[PDB]
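A short write-up of the structure that comes next.
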Amino acid sequence: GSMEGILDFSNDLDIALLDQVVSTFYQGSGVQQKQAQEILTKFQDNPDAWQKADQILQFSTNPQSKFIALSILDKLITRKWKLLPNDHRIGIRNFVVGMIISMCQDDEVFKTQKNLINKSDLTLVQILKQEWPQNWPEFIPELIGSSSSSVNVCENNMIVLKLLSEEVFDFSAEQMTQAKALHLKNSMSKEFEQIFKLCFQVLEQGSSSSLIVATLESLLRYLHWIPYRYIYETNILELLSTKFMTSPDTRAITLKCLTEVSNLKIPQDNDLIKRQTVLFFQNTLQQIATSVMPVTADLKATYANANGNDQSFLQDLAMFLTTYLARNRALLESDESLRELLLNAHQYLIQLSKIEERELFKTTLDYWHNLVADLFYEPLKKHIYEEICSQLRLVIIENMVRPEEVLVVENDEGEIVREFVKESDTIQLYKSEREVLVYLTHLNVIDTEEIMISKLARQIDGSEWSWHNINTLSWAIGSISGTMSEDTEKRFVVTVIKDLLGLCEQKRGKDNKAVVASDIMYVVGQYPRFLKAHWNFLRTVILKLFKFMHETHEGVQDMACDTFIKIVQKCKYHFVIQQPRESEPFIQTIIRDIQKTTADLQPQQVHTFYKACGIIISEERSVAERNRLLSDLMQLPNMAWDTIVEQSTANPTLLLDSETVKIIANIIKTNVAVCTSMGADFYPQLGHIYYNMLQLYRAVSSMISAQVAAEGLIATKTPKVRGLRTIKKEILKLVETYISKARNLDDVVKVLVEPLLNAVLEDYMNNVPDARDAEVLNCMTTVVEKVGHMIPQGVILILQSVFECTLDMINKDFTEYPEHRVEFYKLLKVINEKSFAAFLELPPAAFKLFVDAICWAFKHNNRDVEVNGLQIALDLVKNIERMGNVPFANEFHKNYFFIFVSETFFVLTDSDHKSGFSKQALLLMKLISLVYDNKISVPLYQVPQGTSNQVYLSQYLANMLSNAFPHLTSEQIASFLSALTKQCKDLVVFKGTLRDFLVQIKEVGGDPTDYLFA
Amino acid sequence: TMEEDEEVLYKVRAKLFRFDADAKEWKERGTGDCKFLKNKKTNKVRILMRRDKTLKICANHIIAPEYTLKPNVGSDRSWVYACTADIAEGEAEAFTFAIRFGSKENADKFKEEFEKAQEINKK
Amino acid sequence: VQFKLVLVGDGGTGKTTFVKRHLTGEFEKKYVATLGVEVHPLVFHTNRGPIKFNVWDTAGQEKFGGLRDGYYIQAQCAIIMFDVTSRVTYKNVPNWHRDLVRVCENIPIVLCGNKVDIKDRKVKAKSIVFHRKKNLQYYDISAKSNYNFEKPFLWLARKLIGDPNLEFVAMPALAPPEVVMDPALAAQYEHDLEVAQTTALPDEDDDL
Ligand SMILES: Nc1nc2c(ncn2[C@@H]2O[C@H](COP(=O)(O)OP(=O)(O)NP(=O)(O)O)[C@@H](O)[C@H]2O)c(=O)[nH]1
Ligand SMILES: [Mg+2]
């Protein structure tokens, strides 16, 4: 249509047409709403739109239009106020104040246009932040004086004061300079004595609700910062804890105020203040017990019904009780007349802890952690909470959530399946529950065991049989592992495991047998100390795990393999020795039947089994016996490896068979799995396959390039090429795994390195970009990390083969080849760290690209790239400084010092790299400190001769910042650089000066004296 | 629910894609149970597929005998085919679907069942 | 029965991807910054009838903020989004909340920590406590893995309808029509089809 006419500012603004575009946006839909959206944004973004705000506030009949007008003024006041002449600033102030008073005195507008008035109050506060009090010292006296003329004006004055307190004390850290925030903080602190009078009077005498609620809402903000005497040396605590708790329309905001009072670290030596802190808590709990609910109420059912504000009130009550008791409960623990209050409050928390609400449970659980940890150490306190803790044991045992190890879960259709995603929130909640229950067990082991032994009895006889009930109980049993002593724990677990061994072979069903299998496996995996001292049990356990590896359910199979590793990581000594009443070490029995045991396991679970055997075999430290145990274990993969190597030296096509690719990759995956658990002990097995594996790597590499030439780049997506590249990735992963754990570095350099680089480097360099495996870069990083100091020519070769070609892949955008970006800068980091000489061997053009690569990593929003890039620049500067006064170091500063200084200033100030501010500040401070410590023994310019680098640096940065931020006065830039220079050894203050600069570049007229804050 | 007059002939977990020919890329449309539903009255079999948690329909069309399953270049566990009338998003639209399964075994079993259901609608 | 929903958060936190996942079922991998706001209707079928969310997907980047807090007017529920792999986006949650509730004093609000599918998590669960004092509901979510992706709307629908027992139900499956292909273009159902046949499916290393 013709809605764009309002964007023409030559003619008068059609107020009516504006009101239609606004109504089309908010109330419309589809294209006309999107059309009106782009028009309203353009109208709002016009630098002259604020001059039309006067007539929009007068002649418009649409509240949303007046809202947008205020947003246009808000941008003016926040960013360009100090550029207007003195008459415009007074003019805008007057008609904002005039409109506010106008809307308050009209009683009907005061009720119907709450949004427009709130937007006006916030806008007025933006003027206060610019003008008050140095140009409006009578604001608070006038505001207090106008409060008595009208009750609407008074209620709105509480909103203005609330907003002002928020902007000065709660949201000023990142929006004002340090000097400005300190200025407005002192200004409000000076005038608060007269603000509390108005607040207390309105609270003492009180009209009806609305004005009280707005007053209490403003008080909640004052409690963040005002002195304690305003709270304890007046009657306001008696008003909050009694009067404003009775009426439900002020109960919520009063409860939030009392929570804020409860959070203060009161003078712990004043018997009077302790008396008032006990008093308002006693009054609050009495008001709840008589006006809201008694201590015996089913808050779980109250919260589930969700009537009115019940859920928010119970949330705020939980927050009030935990905040107060975590800080002041000692005030109640000694006096015997305060005991019932102390226990009724905790009984409310017990009832609150039965609500089905994850986040609310975490809140009350956080306090229970605070309590039981104190009862664990503080003498003579446990007995006070004996009945509270006993109830708490029931609650936590019945609300245990599923730990990591349990891979079986009930599905949305009621079937017990295997979990596909890991629930990080559930895992953390289980650990928090375990931490509390472990403390609760220490506080009374007898009570804990009886609850668990009684619940298990009613699980065994079907009286309370339930998937939920057998799971929570079993997870609670495993979580308290380590709290009982041996013999005491011996008694306990033999009992538990037996009934679980029973229940397992009593309940028939695909689902039931899988629920008990996971509970058995979790409990048993949590008690290795018991399994160590009972080989007969451990062997029975291990054989049940093998029996679970033959079940149909993949989750039971997976957990059996994970439980096997978990047990073996702690009990591996009992597998290598000849146990009494045994024919051989149990590892020898496992290795022999390894084909039968793993007959039904999928490949990635067979590999986990082999990794578990590798943990056992590494316990044996007899070199001959272990290397033989290693050979016995790898028989099947080596036998299959010899076959696909005997018939592969001839007939190269065998590798191309899809089934053979899957077999080859699983063989290498088994070698990776074992090498992970054995580390440096894997060397005998690695050498048995190493030279053949690298030829296989060459054979696979040629086939890959042949496919891409025959089929195109699309070949890299096919299952065939994807399968071949897996062999390359698994080969690199195996070599990287070993070298990362190798102890015999001489063997690595003399035997492993030279065939590795020959097989991977030119293959990576001469493949097309889409065929390059980022795992090559990852492998070279481990080489340079572990033996980089022993192969200075290998590091040079690594650079030449990957540096330029990988940099070209990742320097056109920020998202193509994401795994290459991460591994690329990880490699450049370790080379620049442990083998910096390789960069000295780069041609000056290739060193220019190196600096370009570092700064390119600055501008990444990817934290994996951004962090490494700032670390490389920091280490490069240190590497250059350690060289001293040589041509390369002097050439470096001449060519690159100001490139690093300016590229660091760019990402500091572009508002798009806030996540790396700390490391950016650290880099800029190191660069500035170089000049002001005379560590650069050459001139940085090509300015009259004899001038210092200190002087040129200041002239350079002042000129740089002047052109980049032209709206800054010369003295703003001068004072900022002066402070930034004096502070280049004090990172905290240096970062404070930078943050003050980032505030000032967002507005006009920043005070240059702000940089003298320190 | 409009499913009681139907019998389930085949069920399998799958991921469904639609081809955005403009951008020349595959876009996901849903993950959940793919079902072959034979109407007990008219004996015509349809594909009905709902997204996991929301249970919103992402596939709803007759397994017409004129449809043919073709492999995708980068998958051995997927099938591609055109659909001239799917009503998952309302009015009958035309789509080029792709459906992926957890394994090649599931993908072959699907093609067996997909063709078995085609012979049913051919009467 | 429709309700206005504003969606706010820092740029890149996944606001648009989360909505697109609910509209079409897709997962957008590109980051195309939102300009101002985009309004999309979103209907859910419940046991209390259909509910419609007019989702105002606002812009997180300041330079594209558009009308900014002007989008919040007459909103009836809200979602605050941050990214668990970016601590900065969680430190800005109090700012998005502050602007939001100054316009919408009493609405249901969900706080969402997105991208929980990424292994290297920066905002750990132990430090996410801002919602407690502010009466916000919190969910770990992932638009990529779909973890808890329906729970924001399920909680909001229960709070907006006033029925804590509200559940999503299967939308009815109308009978699909019988239609034969078009032999006028069936000779051309082999260009746009062979194209799709040779365009590889994404994320072939997933379980589905
Ligand atoms: N790994 C992962 N990535 C996600 C997830 N959700 C969104 N993303 C990704 O985050 C990036 C940002 O996408 P987008 O949805 O537009 O975020 P936004 O908050 O709407 N940006 P803006 O506020 O500027 O409009 C995308 O690349 C997207 O793929 C997620 O759950 N997991
Ligand atoms: Mg967006």
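In what follows, every chain begins at residue 1, and chains take the letters A, B, ... in the order their sequences are listed. Values below: all heavy atoms of this structure, side chains included; hydrogens, waters and symmetry mates excluded.
Salt bridge A/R698/A/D763: absent, no basic N to carboxylate O contact under 4.0 Å. Electrostatic pairing of A/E730 and A/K669 counts as a salt bridge here, judged by a charged N lying under 4.0 Å from a carboxylate O. For the pair A/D813 and A/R821, the salt-bridge criterion is met [side-chain N within less than 4.0 Å of a carboxylate O]. Between C/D203 and C/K29, at least one side-chain N (NZ, or NE/NH1/NH2) sits under 4.0 Å from a carboxylate O, which counts as a salt bridge. The pair B/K104-B/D108 meets the salt-bridge criterion, with a side-chain N (NZ, NE, NH1 or NH2) lying under 4.0 Å from an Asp/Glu carboxylate O. By the 4.0 Å N-to-carboxylate-O rule, B/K27 lies too far from C/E28 to be salt-bridged with it. Between A/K572 and A/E619 a salt bridge is recorded (basic side-chain N to carboxylate O distance below 4.0 Å). Taking a cutoff of 4.0 Å between a charged side-chain nitrogen and a carboxylate oxygen, A/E736 and A/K733 do not qualify as a salt bridge.
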Open item on the list: Pair C/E204, A/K717 - check side-chain contact (heavy atoms from CB on, under 4.5 Å), show working.
Closed with: CA-CA 9 Å; C/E204 190 73 19; A/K717 304 290 181 295; over 6 Å; no
- [ ] I would like to know whether A/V735 and A/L752 meet side-chain contact (heavy atoms from CB on, under 4.5 Å); could you show each step before the answer?
- [x] CA-CA 9 Å; A/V735 176; A/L752 301 188; 5.8 Å; no
Open item on the list: A/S631 vs A/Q685, test: side-chain contact (heavy atoms from CB on, under 4.5 Å). Steps then yes/no.
Closed with: CA-CA 7 Å; A/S631 303; A/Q685 171 62 26; 5.8 Å; no
TODO: For salt bridge (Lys or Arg N to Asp or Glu O under 4.0 Å), just list the numbers for A/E625 and A/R628, CA-CA rounded to whole Å, side-chain angles, deciding distance to a tenth of an Å, and then say yes or no.
DONE: CA-CA 5 Å; A/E625 182 60 44; A/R628 195 60 171 266; over 6 Å; no
- [ ] Give the C-alpha distance, both sets of side-chain angles, the deciding distance and a yes or no for side chain to side chain donor-acceptor pair (under 3.5 Å) between B/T31 and B/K15.
- [x] CA-CA 4 Å; B/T31 298; B/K15 196 180 227 65; 2.9 Å; yes
- [ ] Check the pair A/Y825 / A/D864 against side chain to side chain donor-acceptor pair (under 3.5 Å), numbers first and verdict last.
- [x] CA-CA 9 Å; A/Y825 288 103; A/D864 301 343; over 6 Å; no
TODO: Decide yes or no on side-chain contact (heavy atoms from CB on, under 4.5 Å) for A/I667 and A/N671, but give the supporting numbers first.
DONE: CA-CA 6 Å; A/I667 294 172; A/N671 278 271; 4.0 Å; yes
- [ ] Please lay out, stage by stage, how C/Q197 and B/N72 fare under the test side chain to side chain donor-acceptor pair (under 3.5 Å).
- [x] CA-CA 5 Å; C/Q197 199 171 334; B/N72 182 272; over 6 Å; no
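A distance-only check finds no donor-acceptor pair linking the side chain of A/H550 to the backbone of A/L601 [under 3.5 Å]. Using a distance-only test at 3.5 Å, with no hydrogens or angles considered, a donor-acceptor pair links the side chain of A/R402 to the main chain of A/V406. Under the 3.5 Å distance criterion, the side-chain polar atoms of B/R100 are matched with a main-chain donor or acceptor of C/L208. Here the side chain of A/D773 pairs no donor or acceptor atom with the backbone of A/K728 at under 3.5 angstrom. A donor-acceptor pair is defined here as one N or O able to donate and one able to accept, closer than 3.5 Å; such a pair exists between the side chain of A/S740 and the backbone of A/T737. Listed for the A/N627 side chain is a donor-acceptor partner under 3.5 Å among the backbone atoms of A/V623. A donor-acceptor pair is defined here as one N or O able to donate and one able to accept, closer than 3.5 Å; such a pair exists between the side chain of A/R772 and the backbone of A/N767. Judged by distance alone, the side chain of A/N758 and the main-chain N or O of A/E754 form a donor-acceptor pair under 3.5 Å. Using a distance-only test at 3.5 Å, with no hydrogens or angles considered, no donor-acceptor pair links the side chain of A/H688 to the main chain of A/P684. Between the side chain of A/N744 and the main chain of A/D747, a donor-acceptor pair closer than 3.5 Å is present.
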Which pairs would a plain distance check flag for residues 657-664 of chain A, meaning a side-chain donor or acceptor within less than 3.5 Å of a matching protein atom at least two apart in sequence or in another chain?
{"residue": "A/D657", "atom": "OD2", "partner": "A/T660", "partner atom": "OG1", "Å": "3.2"}
{"residue": "A/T660", "atom": "OG1", "partner": "A/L654", "partner atom": "O", "Å": "3.4"}

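The distance between the ring centers of A/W856 and A/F824 does not fall below 6.0 angstrom.
Remark: B/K111 is positioned above the aromatic ring of B/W79, its terminal NZ or CZ atom under 6.0 angstrom from the ring centre and at most 45 degrees off the axis. A cation-pi arrangement is absent between B/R77 and B/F101 under the rule of less than 6.0 angstrom and at most 45 degrees off the ring axis.
Two residues are said to be in side-chain contact when any heavy atoms from C-beta on lie closer than 4.5 Å; A/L761 and A/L797 meet this criterion.
Looking only at atom types and distance, the side chain of A/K611 has no donor-acceptor partner in the side chain of A/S677 under 3.5 Å away. A donor and an acceptor atom, one from each side chain of A/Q557 and A/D600, are nowhere located under 3.5 Å apart. At a cut-off of 3.5 Å, with distance as the only test, a side-chain donor of A/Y764 or A/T806 sits close to an acceptor on the other residue. Checking C/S142 against C/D117 by side-chain atom types alone, a donor-acceptor pair falls below 3.5 Å.
Applying the ring pair (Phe, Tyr, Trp, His ring centres under 6.0 Å) rule to A/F546 yields the partners A/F564, A/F609; only residues at least two apart in sequence or on another chain are considered. The ring pair (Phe, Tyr, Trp, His ring centres under 6.0 Å) search around A/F850 returns A/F839, A/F847, not counting sequence neighbours.
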